[PDB]
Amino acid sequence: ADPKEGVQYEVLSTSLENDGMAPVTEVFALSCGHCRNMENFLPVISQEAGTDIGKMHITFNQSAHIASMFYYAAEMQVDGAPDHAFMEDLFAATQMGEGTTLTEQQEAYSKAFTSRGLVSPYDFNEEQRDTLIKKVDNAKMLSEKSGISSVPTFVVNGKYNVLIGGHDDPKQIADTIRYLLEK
C-alpha cells in the first residue's frame, strides 16, 4: 500500500528542493489535452492531499514559449495560479487546432485577459514586461533542470516526481503526494 519508487514516483536526478517551487507543483503545458482534462480533477487531488497545488508551465519547443508567455502573464496578475475557469480559456486558446489561424488563436488569448479586467501581454508596460521575462526565464530554467518529459505530472518538494501512469485514479495520486509530503 506504500507508494514505491519507480512505480508511483521517482526521485528527480537533479533535485529542485531549493529552487522555490510550491511544495506540490503541477507541471503542465497549455498545448496538452491531458493537462486540460486533469484541471477537472485538481479539486479532488488538492483536497485528499491536503494542500494547495502550484503550477509550472514546461516548454518542449519554441512554439511553446508563446504559451508559456500567456500563462505567466495570467499568473502574475492573480493571487496564486489562475483559477480553473481562467485555465480553461487559456487551454482552449492554445488547442484551437489545425483549421485555425495564428491570428484567431491570438484573439482568443487576448479575450481571456480583457474579459476578466486584466491586461493582455501585448499591452504590458515596461515594468510588467520585466516581471514577465523573469517568470518565463525561471520556468525555463526549472524545466530544463528537472529533465521532465511527461505532463501532466506532480512534483513534491522539488525532489520527487509522481508517475501518474502508476495510479488508477486521482485519489491514489493524492495519496502518493501525501506520503511524499509526510517524509
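A residue's number is simply how far along the shown sequence it sits, counting from 1.
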### Task
Averaging the C-alpha B factors as listed in the entry, name the stretch that ends up higher: 82-90 or 95-103.
95-103
### Query
If you average the Cα B factors in the entry, which is higher, 107-115 or 70-78?
107-115
### Member of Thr131, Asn157, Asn61, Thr153 with the greatest C-alpha B factor (per the PDB record)
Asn61
### Task
Determine, from the deposited record, the chain-internal third of the Cα B-factor for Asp168: lowest, middle or highest.
highest
#### Entry: Ranked C-alpha temperature factor of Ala49 among modelled chain residues, by third
highest
### Message
Among the modelled residues of this chain, does the Cα B factor of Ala1 put it in the lowest, middle or highest third?
### Response
highest
#### Entry: CA B-factor ranking of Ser146, expressed as a third of its chain
middle
### Query
Relative to the other modelled residues in the chain, which third contains the C-alpha temperature factor of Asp137: lowest, middle or highest?
highest
